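In C-alpha cells, one chain follows: the form deposited in one PDB entry.
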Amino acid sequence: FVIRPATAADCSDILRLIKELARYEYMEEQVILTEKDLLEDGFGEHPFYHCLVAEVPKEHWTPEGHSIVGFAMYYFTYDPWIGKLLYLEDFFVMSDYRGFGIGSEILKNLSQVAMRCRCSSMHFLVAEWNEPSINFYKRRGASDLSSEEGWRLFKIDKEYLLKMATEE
C-alpha cells in the first residue's frame, strides 16, 4: 500500500470514505460535502484543506475495484503560544484494511508534512468511546488535552451568529 497526496480524480473515493467515516461516527446524515465542493475546496486554487489517500495493489482492491482504501484530511491552524499547528480533520481506514499498518503510514506522512511546514504540534478530536483510536494515538505519544487541561469544544451556530451580527 502507498500513501500519497490526493488528486482531483481521487474526489469520488474521498467522498465515499468521508461518508464511511461519518457513518462510523453516527454523523452520516449530516454530511454536507459534495464532489463539487471537494474539488473546489481541496484543489489547487487557494486550497482550504489537504487530503492524503492510501491505495493498495490489485490483489487487495475492494469488491468494487476501489484501490483507495484510506485517507486523512487536514489543515493548518494557529496557537498563540507555539504558532502554526497541523490539524487533522478526518482520518479513516476501511474495516477490512485496518491493522495492516496503513494508518501508521498516514500518520508518518502527516508528521513529515508537519516538520516541513514547521508545525509544532498536531491536534485532532476523538470520540469518547473510540477506544481503538484513543490507544492508537496514545501509543504514538498523543495526550488527551480535554482530560489534562479541561478544554471543551464549544460552537455557536449560524442563527446566533446572525443575531449578534445584526444586533449592533
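Only residues modelled in both forms are compared. If you superpose the two forms and keep the largest set of C-alpha atoms that fall within 1.5 Å, you have the rigid core. Residue positions are given as counts along the sequence shown, with the first one as 1.
Below: the form deposited in another entry, not depicted.
- Remark: with the core as the superposition reference, the CA shift of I156 between this form and the one not shown reaches 2 Å or more.
- For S147, a C-alpha deviation of 2 angstroms or more is recorded between this form and the one not shown after rigid-core alignment.
- Whereas the shown form places them at one spacing, the Cα atoms of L85 and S147 lie at least 3 Å closer in the other entry.
- A shift of at least 3 angstroms pushes the Cα atoms of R152 and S104 further from each other in the other entry than in the displayed structure.
- In this core-based overlay, residues 146 to 167 form the only run of three or more whose Cα positions differ by 2 Å or more between this form and the one not shown.
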